[PDB]
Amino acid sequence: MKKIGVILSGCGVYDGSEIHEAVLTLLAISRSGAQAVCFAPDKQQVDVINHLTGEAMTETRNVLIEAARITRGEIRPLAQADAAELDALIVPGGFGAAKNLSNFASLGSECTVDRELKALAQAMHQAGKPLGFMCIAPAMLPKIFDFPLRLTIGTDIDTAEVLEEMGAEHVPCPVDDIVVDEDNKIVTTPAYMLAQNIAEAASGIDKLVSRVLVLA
């Protein structure tokens, strides 16, 4: 039974993990007979967004407490993740990826990544285990790995430019396909960077999870 670590960043596209992407990732893992082992950093969200209006709210929420809603409570602090107990790592998207897992949303090419996440992904890569990042999550890759990688965030020219400025080789990719850095076993897919509906998002995520499991 393969164990796939799934890293969340809250519960909702604007301040945490993209709910559809996280649930579709869990569905693909389950359908394939693998076990999803979910984590999230135990810290306060950088903000709380009203998803009906798009505006910031005057309240505070904890990343892990909120991410527990997506997993029905089956989640642990990211501090408890151990690369030796996992076969693959997948990071769904959502703005939380650029706000809580890193500060890419505010720093761009000068951002930094959550230290527990960075250490975990580096340990996974040193053991030859596959990583899967989607939507805006791939933007952290050039800050986790100090070596070039072929990746994709879809087709957005400005975002693509920022990734190239960070040293990555951006590869344009439609919503129903993936980009793989074969030598480093890193799989990326655009998901909601381009998906026009949930079925579209699911086609790319299903392909990403499948490739990650094969690599595992």
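Just count from 1 along the sequence shown to find any residue number.
Practice task
Compare the mean C-alpha B-factor of 36-44 with that of 183-191 as given in the PDB entry, and name the stretch with the higher value.
Solution key: Between 36-44 and 183-191, it is 183-191.
Exercise for the section: Look up the CA B-factors in the entry and say which stretch, 159-167 or 55-63, has the higher mean. Expected result: Of 159-167 and 55-63, the stretch with the higher C-alpha B-factor average is 159-167.
Handout entry: Largest Cα B-factor, entry values, listed residues 27, 149, 68, 49
Key = By C-alpha B-factor in the record, 149 ranks first.
Practice task
Name the one of 88, 101, 107, 75 with the greatest CA B-factor according to the PDB entry.
Solution key: 107 has the highest C-alpha B-factor of those listed.
Problem - Modelled-residue ranking by C-alpha temperature factor, third containing residue 8 - result: For residue 8, the deposited C-alpha B-factor lands in the lowest third.
Exercise for the section: Comparing against every modelled residue in the chain, figure out the third that the C-alpha B-factor of residue 92 lands in (lowest, middle or highest). Expected result: Ranked within chain, residue 92 CA B lands in the lowest tercile.
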